[PDB]
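> Got a structure for you, written out below as structure tokens; questions coming shortly.
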Amino acid sequence: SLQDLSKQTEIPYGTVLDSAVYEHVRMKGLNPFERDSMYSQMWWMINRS
Amino acid sequence: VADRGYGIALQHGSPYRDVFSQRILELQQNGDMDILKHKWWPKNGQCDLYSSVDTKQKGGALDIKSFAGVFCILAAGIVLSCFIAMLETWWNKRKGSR
């Protein structure tokens with residue numbers, strides 16, 4: 001499940017840079033009103049450096 | 001445990017009371033407030049502050065330090081045998097014999 005993938009420790013994950021997926025994740029993780037641990041810990045991993 | 005919150009205090013009946021509230025709503029709705037918060041509580045974390053599960057270890061072999069109590073019991077046995085052997089080393093003179 002994505003609840004696993006966004007939180008599991010072993011496997012790094014990401015997508016195509018600047019893509020509408022990358023932006024879809026950013027727009028969920030840094031959302032003002034959606035605030036879930038899930039999309040946040042997605043974006044923290046994805047946005048590294 | 002939300003809905004508690006911080007705010008500017010003013011004297012009773014101050015003519016500014018509605019003016020600052022009006023401006024604070026505009027800042028809250030323009031997004032101008034969100035910038036300052038991202039500035040001061042950035043999520044560009046130099047470390048992960050939130051995953052409490054340290055990643056590398058999920059069980060692990062025993063080691064000298066976790067085992068050390070048994071070595072300490074053995075060392076106590078050694079030292080007690082030394083104390084006994086030194087008492088014997090003195091007393092066997094009085095025994096004059098094996």
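Ligands are numbered from 1 in the order shown, residues from 1 within each chain, and chains are lettered A, B, ... in the order they appear in the structure tokens.
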Per residue of chain B within 8 Å of chain A, note the shortest atom pair and the distance in Å to one decimal, counting only C-alpha atoms, and order the rows by chain and increasing residue number, as a Markdown table.

```
| residue | atom | partner | partner_atom | distance |
| --- | --- | --- | --- | --- |
| B:43 | CA | A:44 | CA | 7.4 |
| B:44 | CA | A:44 | CA | 7.4 |
| B:45 | CA | A:44 | CA | 7.9 |
| B:51 | CA | A:7 | CA | 7.8 |
| B:55 | CA | A:9 | CA | 5.5 |
| B:56 | CA | A:10 | CA | 7.9 |
```
> Give me the residues near residue A:39 as a VMD selection string, where near means some atom within 12 Å (using only C-alpha atoms) and where sequence neighbours in that chain fewer than 2 positions away do not count.
chain A and resid 2 to 7 22 to 31 34 to 37 41 to 47
> Report, in Å to a single decimal, how far apart atom CA of residue B:2 and atom CA of residue B:32 are.
22.0 Å
